[PDB]
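The form deposited in one PDB entry is given below as one chain in C-alpha cells.
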C-alpha cells in the first residue's frame, strides 16, 4: 500500500486493465478523497444508490443501482470496498461494452445461481429501461420500446423457451456475435441513449 496503505489501486488496475480511466497514483488520490468521506473504505447499497440518484435526476435509478451493487456478489446487504466501487462506476459509465461481457453476465444473473433466466432478463432490462428519460423512449423502435418487448426480444435472439437457462458461454457468444443482442442488453445509460438517437432514417 505504498507502505502506508494505497496498493489497492494495483488490484483495481489488474482487474480492469486497459479499461481503467486512472493510473495508480490517481486512484490513490481518489482513494484518499474517498476515505475522507467514507473513513471505513466501505460503501453500503443505500449510499451507492445515492450516487446514481444524484447523477441521473432525469431517471429512476434505484433498481439499477441496486443490481449493479449486487453484481459484485449477489448480496444486497453489506458493502462494496473502494475497488468494487471504482469498477462499478467503470461498468456503468466508461470504456467499451465488449470488455464488460463477463461482468454483464453477473449483472443479469440476479440470483447468482450460475445461469440467467427469462425473468432475470426482464428484471434487469426493466431496471435499465428506467434509466432512460421519458423524453428519449419515444425515439425507441416499436418492438423495443417497453421492458417486456426488449426482454422477450433478447430471449428470442438466444432462441430460448420460457423455462430454459442461459449460460455464460452462450451469453458471451451472443453478445459478441449478434449486435442486436448487444444493443438490447446494453446497460450503460449514455450508450442506450446515444444509439436511441442515431442510426438512419
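Only residues modelled in both forms are compared. If you superpose the two forms and keep the largest set of C-alpha atoms that fall within 1.5 Å, you have the rigid core. Positions refer to the first chain, counted from 1.
Below: the form deposited in another entry, not depicted.
In a core superposition between the shown form and the other one, the Cα of 99 is the only one among 99, 79, 126, 106 shifting by 2 Å or more.
A movement of the C-alpha atom of residue 26 falling short of 2 angstroms is seen between the shown form and the other one when the two forms are aligned on their rigid core. For residue 164, a C-alpha deviation of 2 angstroms or more is recorded between the shown form and the other one after rigid-core alignment. With the core held fixed, the Cα of residue 181 is displaced between the shown form and the other one by less than 2 Å. Figure legend: C-alpha atoms of residue 113 and residue 74, shown here, are separated by at least 3 angstroms more in that other deposited form. CA of residue 75 to CA of residue 108: farther apart by 3 Å or more in that other deposited form than in the shown form.
Legend: core-fitted overlay between the shown form and the other one; highlighted in sequence order are 8 to 19, 73 to 77, 94 to 99, 160 to 164, the runs of at least 3 consecutive residues with CA shifts of 2 angstroms or more.
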